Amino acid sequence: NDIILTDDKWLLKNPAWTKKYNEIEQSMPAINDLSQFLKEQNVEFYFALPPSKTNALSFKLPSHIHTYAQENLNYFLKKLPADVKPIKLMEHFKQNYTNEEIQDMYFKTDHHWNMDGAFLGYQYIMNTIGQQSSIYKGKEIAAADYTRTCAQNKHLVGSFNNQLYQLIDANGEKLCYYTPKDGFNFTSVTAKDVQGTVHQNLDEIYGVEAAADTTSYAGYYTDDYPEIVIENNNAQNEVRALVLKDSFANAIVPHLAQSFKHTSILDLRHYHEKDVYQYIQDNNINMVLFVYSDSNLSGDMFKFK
């Protein structure tokens, strides 16, 4: 049972009205377990935390009411086993940018970060992994190796559960892509959707409705798939990554996949064929990377067994 806030026509989904320490406690054992298993199997374990829009833009909420996005996140980060390496995106963002600048990294009418936010996120994620990892060597992520292209007056349709929100606002907004100078050249791209249909090639899942004047985040970037598998033989490493994600990862699924030789991308809301432990063993995963919004700290996507 969600709640939506509107204000100067920005849309804010499920602000942190309450502490969720109790919900975090109840889900943390699954992580403790996974963490111990992965440490045994010599598999690196990163937990990237894109800033939820209601954290990054909590300054737009009524000033007479305190919200707890940062407390909840801090609680999660303190209860995390020390062998989980968190990537603290809100902290990085708030350290380098003002509130008004950070607002330019989110869509106004949809509750995800935009491509500029997601890219900066990608950059910090890979930079951190690069400093921590024994198996990941790669070129530092510079904006100069990508070409950024943008359309100016697109209209994002808010989508969450079975709900579509649309804002009549003649301006609309920025829709950007960051594309490698020589394109994404993946050896293969395979994605099973929720109906069981298998799609091949990046073009059938990423930016499929880019030309649309009005559509959802999912249409502009990707939908949520049970499983995407990407083989990248041109990668200068042997990393076989497993990305476990919520929809914040969609905009940067191919940018992440470019870093590693193999990338498996699961959404546990939809992937039910194997559990995570078995998937990791069946596919010789030597690196795990969560990409969960920092408000997605507990609940259904933390069921790994």
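Numbers for residues come from their place in the sequence shown, where the first is 1.
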Using only C-alpha atoms and the B-factors in the entry, which stretch averages higher, 125-133 or 202-210? 125-133
Look up the CA B-factors in the entry and say which stretch, 134-142 or 228-236, has the higher mean. 134-142
Quiz for you: based on the deposited Cα B-factor, which of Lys53, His64, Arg269, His255 is highest? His64
Of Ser216, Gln103, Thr222, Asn171, which one's C-alpha B factor is largest in the deposited record? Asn171
Within this chain, which third does the Cα B-factor at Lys245 fall in: lowest, middle or highest? lowest
Which third, lowest, middle or highest, does the C-alpha temperature factor of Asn72 belong to within its own chain? lowest
In terms of the CA temperature factor given in the entry, to which third of its chain does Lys181 belong: lowest, middle or highest? highest
What third of its chain, lowest, middle or highest, does the C-alpha temperature factor of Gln281 fall into? highest
Chain thirds of CA B-factor: placement of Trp10: highest
